[PDB]
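For reference, the structure discussed in these notes is given below.
When we count neighbours, we look across all protein chains shown, and the Cβ atoms used for this are built from the backbone with ideal geometry, even at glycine. Bear in mind these aren't lab numbers, they're just calculated from the coordinates by the rules spelled out.
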Amino acid sequence: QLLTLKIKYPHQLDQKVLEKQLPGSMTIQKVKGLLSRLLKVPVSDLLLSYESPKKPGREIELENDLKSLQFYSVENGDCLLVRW
């Protein structure tokens, strides 16, 4: 339920930038909200996707803001890719 996620900004750096613990029922809108305050970039400009160590290099999209992380099968240890 509490997911440890690694954060990456692929247009800035190839390596993981930080780690955050996020509830599995956290909506994408709310994850965007958190990242917005951190990066000082609007929620509406933020584009999110993720990769799982199982399928390296394959980005899965998180388009619908009103759905949750675990709805999208995001798992503990996955990588969240943050673009703007």
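Sort out which residues of segment 60-74 are of a type outside the set (A, V, I, L, M, F, W, C), in contact with a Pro (Cβ under 9 Å, 6 or more places away or on another chain) and either surrounded by fewer than 11 Cβ atoms within 10 Å (Cβ to Cβ) or not in a helix (DSSP H, G or I) (or both), and write them in order of number.
Result: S68, single match.
So the check is Cβ under 9 Å with 6+ separation or different chains; which pairs have a first residue in segment 29-56 that's without any contact (Cβ under 8 Å) to a residue 24 or more places away in the chain and more than 21 Å from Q70 (Cβ to Cβ) and a second one that's exposed (fewer than 13 other Cβ atoms within 10 Å of the Cβ) and aliphatic (A, V, I, L, M)?
Pairs found: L38/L18.
Using beta carbons and a limit of 7 Å, which pairs, at least six apart or on different chains, have the first residue in segment 60-84 and under 15 Å from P23 (Cβ atoms) and touching a residue at least 40 places away in the same chain (Cβ under 8 Å) and the second one in a strand (DSSP E or B) and among the hydroxyl-bearing types (S, T, Y)?
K67/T27; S68/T27; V74/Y50; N76/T4; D78/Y50; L80/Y50
In a helix (DSSP H, G or I) and in contact with a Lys or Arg (Cβ under 8 Å, 6 or more places away or on another chain): is that true of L80 in this structure?
Answer is no for this residue.
Taking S44 and the conditions (1) more than 18 Å from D14 (Cβ to Cβ); (2) surrounded by 12 or more Cβ atoms within 10 Å (Cβ to Cβ); (3) out of contact with any strand residue (DSSP E or B) (no Cβ under 7 Å at 6 or more places or on another chain), which numbered condition does it fall short on, given that it satisfies the others?
That leaves (2) as the condition not met.
For residues that are closer than 21 Å to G77 by Cβ, assigned to a helix (DSSP H, G or I) and among the hydrophobic types (A, V, I, L, M, F, W, C), scanning just segment 8-48, find the one that is farthest from the chain's Cα centre (by Cα).
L38
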